[PDB]
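Undergrad:
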Amino acid sequence: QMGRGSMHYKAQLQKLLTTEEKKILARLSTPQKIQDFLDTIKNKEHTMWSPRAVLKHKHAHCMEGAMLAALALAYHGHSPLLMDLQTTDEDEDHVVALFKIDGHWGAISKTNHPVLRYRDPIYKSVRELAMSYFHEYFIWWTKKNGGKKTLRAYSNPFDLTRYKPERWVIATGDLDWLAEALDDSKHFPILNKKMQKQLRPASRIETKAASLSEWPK
Amino acid sequence: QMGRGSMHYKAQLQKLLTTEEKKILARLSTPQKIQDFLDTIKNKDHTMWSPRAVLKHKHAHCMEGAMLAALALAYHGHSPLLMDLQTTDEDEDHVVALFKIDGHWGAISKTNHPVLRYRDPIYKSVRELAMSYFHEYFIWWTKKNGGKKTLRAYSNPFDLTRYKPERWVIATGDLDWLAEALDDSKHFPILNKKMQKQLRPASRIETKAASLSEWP
């Protein structure tokens with residue numbers, strides 16, 4: 128199956144996890160199965176729960192969802208990769224878990240709205256995948272700059288392998304240092320100042336569509 | 002500063018158009034102003050009207066919208082470019098009008114739903130722009146293959162300059178031959194058979210959101 132580094136990394140994860148947690152991760156053996164699992168978790172004070180906490184309470188915001196996805200991907204031999212989607216100060220950033228199948232990038236995403244969703248493994252580069260989010264990242268919750276497109280940059284794939292898995296997989300603290308390290312990593316701008324002046328606000332039908340909610344119900 | 006070919010093409014268009022038609026096209030001097038204008042046209046639920054018919058009756062499906070956009074782009078010196086988005090037989094193709102500003106591709110689009118919309122001129126290649134549509138091209142109107150992602154290929158930019166402008170700008174016929182020529186042009190596949198087997202259906206929240214209607 129997987130390489131030496133991956134099998135070693137999986138072994139370190141198995142030392143930290145309970146039999147129940149491993150039985151769950153063993154079932155999530157494709158990126159599609161992982162997204163299906165996050166679909167059963169209730170979408171979200173302030174928190175930054177570990178994958179352990181998320182599996183216990185079955186509640187997650189986008190980075191909590193992406194860290195659990197990255198864990199499940201690593202348990203089946205993928206790199207635990209996050210990508211930050213970074214907006215203007217008018218909006219909140221969004222995090223996904225990147226994956227590759229046959230040389231093509233996909234993304235697992237935990238969101239409550241019909242935008243910034245899952246991406247199939249069909250995108251030839253990180254850039255191409257990231258640009259598939261741009262048009263649907265906009266102000267939908269106020270008339271003030273209604274429809275303004277707010278995405279400005281995407282991170283390099285952020286490999287959680289650089290940290291001891293104890294520090295995030297089963298942490299009882301808040302992992303704000305991990306969020307901060309992601310936000311501080313290499314990002315690539317999507318626009319220059321000229322391109323920003325060209326931007327057209329999303330239509331009323333688009334802001335109405337974006338406002339629909341998965342949770343509750 | 003507009004080129005010789007473009008000025009000549011614009012001259013041919015001016016011979017064919019009424020003063021009212023030219024007054025409209027003169028106003029639509031940016032891609033954004035064109036999309037704003039298509040927003041005031043009623044979306045349709047077979048026809049294949051000319052830009053003349055669309056300006057007269059203020060009604061358009063996607064290719065009628067894109068042909069009017071391409072005309073308005075050409076009236077200000079852009080190439081009148083169409084891109085075909087080609088689906089499985091479970092769905093209908095969608096056509097946009099391509100444009101470039103400072104080396105980056107955008108797209109003008111006439112649709113009734115909050116998917117397959119306008120694209121800002123920020124995309125580094127036709128491929129990159131086309132791939133920005135893939136995830137939001139799915140079956141939302143039936144439970145039969147509910148949520149199936151149906152996009153399979155995108156055309157090369159289709160330059161309408163190859164035809165005598167009389168043939169489409171002011172045609173009174175149906176332009177089924179023009180639709181057929183677009184569908185027959187070079188297309189680039191997005192998937193192979195392996196990748197198609199990977200595809201995941203769109204969620205219920207996505208199919209509900211896609212179902213929303215601008216018109217009536």
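In the order they appear, the protein sequences are chains X and Z.
So the first sequence is residues 128 to 344, counted in my numbering.
So the second sequence is residues 2 to 217, counted in my numbering.
Backbone N, C-alpha and C fix where the C-beta goes; we use that ideal spot for every residue, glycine too.
#1: Which chain X residues sit within Cβ distance under 9 angstroms of residue 160(Z)?
#2: Does any residue of chain X have a CB that is nearer than 7 angstroms to the CB of residue 122(Z)?
#3: By Cβ distance below 6 angstroms, which residues in the same chain neighbour residue 116(Z) in space, the five residues on each side in sequence not counted?
#4: Do residue 185(Z) and residue 49(Z) have their beta-carbon atoms positioned less than 7 angstroms apart in this structure?
#5: List the whole-angstrom C-beta distance separating residue 317(X) from residue 279(X), where the pair is believed to meet the contact cut-off of C-beta under 8 angstroms.
#6: Would you say residue 5(Z) faces chain X, with C-beta separation under 7 angstroms as the test?
#7: Are residue 296(X) and residue 143(X) close, meaning C-beta to C-beta below 7 angstroms?
#8: The beta strand (DSSP E) that contains residue 242(X), what's its start and end?
#9: To the nearest whole angstrom, what separates the beta carbons of residue 133(Z) and residue 330(X), a pair I think is in contact under 8 angstroms?
#10: Please identify the residue among 165(Z), 183(Z), 200(Z) whose C-alpha is closest to the C-alpha of residue 14(Z).
#11: Would the beta-carbon of residue 110(Z) fall within 7 angstroms of that of residue 118(Z)?
#12: Using a Cβ cut-off of 7 angstroms, pull out every chain A residue sitting near residue 258(X), in sequence order please.
#13: Any beta carbon from chain Z within less than 7 angstroms of residue 327(X)'s own beta carbon?
#14: Shortest alpha-carbon distance to residue 20(Z) belongs to which of 199(Z), 44(Z), 53(Z)?
#15: Run down chain X in chain order and give the residues with a C-beta less than 9 angstroms from the C-beta of residue 119(Z).
#16: Counting only runs of 4+ residues fully inside the stretch 7-59 of chain Z, write out the alpha helix (DSSP H) ranges in chain order.
#17: Please tell me whether residue 297(X) has its Cβ less than 7 angstroms away from any Cβ of chain Z.
#18: Is the separation between the beta-carbon of residue 148(Z) and that of residue 202(Z) shorter than 7 angstroms?
#19: So residue 217(X) packs on residue 277(X), CB below 8 angstroms; how close in whole Å?
#20: Find the nearest neighbour of residue 313(X) within the set 303(X), 289(X), 283(X), 321(X), judged by alpha-carbon distance.
#21: Per DSSP, what are the beta-bridge partners of residue 233(X) in this structure?
#22: Please check if any C-beta of chain X sits within less than 7 angstroms of the C-beta of residue 198(Z).
#23: How long is the line joining the alpha carbons of residue 28(Z) and residue 214(X), rounded to whole angstroms?
#24: Relative to the alpha-carbon of residue 265(X), which residue among 160(X), 219(X), 198(X) has its alpha-carbon at the smallest distance?
#25: Please check the pair residue 229(X) and residue 195(Z), which I expect to be a contact at CB under 8 angstroms, by giving their CB distance rounded to whole angstroms.
#26: CA-CA distance, residue 156(X) and residue 106(Z)?
#27: Tell me where the beta strand (DSSP E) around residue 184(Z) begins and ends.
#28: Could you check how far apart the C-beta atoms of residue 71(Z) and residue 42(Z) are, in whole angstroms? I think they sit under 8 angstroms.
#29: At 9 angstroms on the CB atoms, spell out the chain Z contacts of residue 229(X), in chain order.
#30: Would residue 96(Z) and residue 64(Z) qualify as a contact pair, given that the criterion is a beta-carbon distance under 7 angstroms?
#31: Report the neighbours of residue 210(Z) on chain X: residues whose CB is nearer than 7 angstroms to its CB, in chain order.
#32: Taking C-beta to C-beta, are residue 209(X) and residue 285(X) nearer than 7 angstroms?
#33: Counting C-beta neighbours from all protein chains within 10 Å, is the total for residue 51(Z) 16 or more, i.e. buried, or is it exposed?
#34: Can you confirm whether residue 33(Z), when its beta carbon is compared against all beta carbons of chain X, has any partner nearer than 7 angstroms?
#35: Between the alpha carbons of residue 99(Z) and residue 158(X), how many angstroms are there, rounded?
TA: From the atom records:
#1: Locating residue 160(Z) in the second sequence gives position 159, counting from the first residue. Chain order gives no chain X residues near residue 160(Z), where near means a beta carbon separation below 9 angstroms; the closest approach is about 23 angstroms.
#2: Numbered from its first residue, the second sequence carries residue 122(Z) at position 121. Look at residue 122(Z): its C-beta is under 7 angstroms from a C-beta on chain X.
#3: Within the second sequence, the letter at position 115 stands for residue 116(Z). The answer, listed in chain order, is 137, 211.
#4: Position 48 of the second sequence, counting from 1, holds the residue named residue 49(Z). Position 184 of the second sequence, counting from 1, holds the residue named residue 185(Z). No, the Cβ-Cβ distance between residue 49(Z) and residue 185(Z) is not below 7 angstroms.
#5: For this step, residue 317(X) is matched to residue 190 along the first sequence. For this step, residue 279(X) is matched to residue 152 along the first sequence. The Cβ separation is near 6 angstroms, so the contact holds.
#6: Stepping through the second sequence from its first residue, residue 5(Z) is reached at position 4. No - not a single Cβ of chain X is within 7 angstroms of the one on residue 5(Z).
#7: As a position in the first sequence, residue 296(X) is number 169, starting the count at 1. As a position in the first sequence, residue 143(X) is number 16, starting the count at 1. Against a cut-off of 7 angstroms, the Cβ pair of residue 143(X) and residue 296(X) comes out as a contact.
#8: Stepping through the first sequence from its first residue, residue 242(X) is reached at position 115. Residue 242(X) -> no beta strand (DSSP E), and no H or E assigned at all.
#9: For the purposes of this step, residue 133(Z) is taken as residue 132 along the second sequence, with counting starting at 1. For the purposes of this step, residue 330(X) is taken as residue 203 along the first sequence, with counting starting at 1. Contact doesn't hold; Cβ gap of about 16 angstroms is too wide.
#10: Position 13 of the second sequence holds residue 14(Z). It is 165(Z).
#11: As a first step, residue 110(Z) must be located in the second sequence, where it is residue number 109. As a first step, residue 118(Z) must be located in the second sequence, where it is residue number 117. In this structure, the beta-carbon distance from residue 110(Z) to residue 118(Z) falls below 7 angstroms.
#12: Although the question refers to chain A, the structure presented lacks it and instead comprises the protein chains X and Z.
#13: Locating residue 327(X) in the first sequence gives position 200, counting from the first residue. Yes, because at least one Cβ of chain Z sits closer than 7 angstroms to the Cβ of residue 327(X).
#14: Within the second sequence, numbered from 1, the residue matching residue 20(Z) stands at position 19. In terms of CA proximity to residue 20(Z), 53(Z) leads the group 199(Z), 44(Z), 53(Z).
#15: Position 118 of the second sequence, counting from 1, holds the residue named residue 119(Z). Under the 9 angstroms cutoff, chain X gives 262, 327, 329, 330.
#16: Runs of the alpha helix (DSSP H) lying entirely within the stretch 7-59 of chain Z, each at least 4 residues long, are 20-28, 32-40, 52-58 in chain order.
#17: On the first sequence, position 170 is the one that residue 297(X) refers to. No, no contact with chain Z.
#18: Locating residue 148(Z) in the second sequence gives position 147, where the first residue counts as 1. Locating residue 202(Z) in the second sequence gives position 201, where the first residue counts as 1. The Cβ atoms of residue 148(Z) and residue 202(Z) sit closer than 7 angstroms to each other.
#19: The residue labelled residue 217(X) in the question sits at position 90 within the first sequence. The residue labelled residue 277(X) in the question sits at position 150 within the first sequence. Indeed they touch by this definition, with Cβ atoms about 5 angstroms apart.
#20: Locating residue 313(X) in the first sequence gives position 186, counting from the first residue. If we check each option's Cα against that of residue 313(X), 283(X) comes out closest.
#21: Taking the first residue of the first sequence as position 1, residue 233(X) is located at position 106. DSSP output for residue 233(X) lists 226(X) as bridge partner(s).
#22: In the second sequence, counting from the first residue as 1, residue 198(Z) sits at position 197. No, no contact with chain X.
#23: What you label residue 28(Z) is simply residue 27 of the second sequence in a count that begins at 1. What you label residue 214(X) is simply residue 87 of the first sequence in a count that begins at 1. Residue 28(Z) and residue 214(X) have their C-alpha atoms some 33 angstroms from each other.
#24: If you number the first sequence from 1, residue 265(X) lands on position 138. Selected option, being the one with the closest Cα: 219(X).
#25: To locate residue 229(X), count along the first sequence from 1; it is residue 102. To locate residue 195(Z), count along the second sequence from 1; it is residue 194. Indeed, because the Cβ distance is near 6 angstroms, the residues count as touching under 8 angstroms.
#26: What you label residue 156(X) is simply residue 29 of the first sequence in a count that begins at 1. What you label residue 106(Z) is simply residue 105 of the second sequence in a count that begins at 1. Distance between the alpha carbons of residue 156(X) and residue 106(Z) is about 38 angstroms.
#27: Taking the second sequence and counting its residues from 1, the one referred to as residue 184(Z) is at position 183. In this chain, residue 184(Z) is not harboured by any beta strand (DSSP E); it is covered by the alpha helix (DSSP H) spanning 177-185.
#28: Here residue 71(Z) corresponds to residue number 70 of the second sequence, with the count starting at 1. Here residue 42(Z) corresponds to residue number 41 of the second sequence, with the count starting at 1. The pair is not a contact, with the Cβ atoms about 15 angstroms apart (cut-off 8 angstroms).
#29: Here residue 229(X) refers to the residue found at position 102 when the first sequence is read from its first residue. Per Cβ cutoff of 9 angstroms: 193, 195, 196, 199.
#30: In the second sequence, residue 96(Z) corresponds to position 95, counting from 1. In the second sequence, residue 64(Z) corresponds to position 63, counting from 1. A contact, by the Cβ cut-off of 7 angstroms.
#31: Within the second sequence, the letter at position 209 stands for residue 210(Z). Those are 241, 336, 339, listed as they occur along chain X.
#32: Along the first sequence, one-based indexing puts residue 209(X) at 82. Along the first sequence, one-based indexing puts residue 285(X) at 158. Less than 7 angstroms separates the beta-carbon of residue 209(X) from that of residue 285(X).
#33: Locating residue 51(Z) in the second sequence gives position 50, where the first residue counts as 1. Per the 10 Å Cβ criterion, buried.
#34: Position 32 of the second sequence holds residue 33(Z). Taking 7 angstroms as the CB threshold, residue 33(Z) lines the interface with chain X.
#35: Here residue 99(Z) refers to the residue found at position 98 of the second sequence. Here residue 158(X) refers to the residue found at position 31 of the first sequence. The alpha-carbon atoms of residue 99(Z) and residue 158(X) are separated by roughly 34 angstroms.
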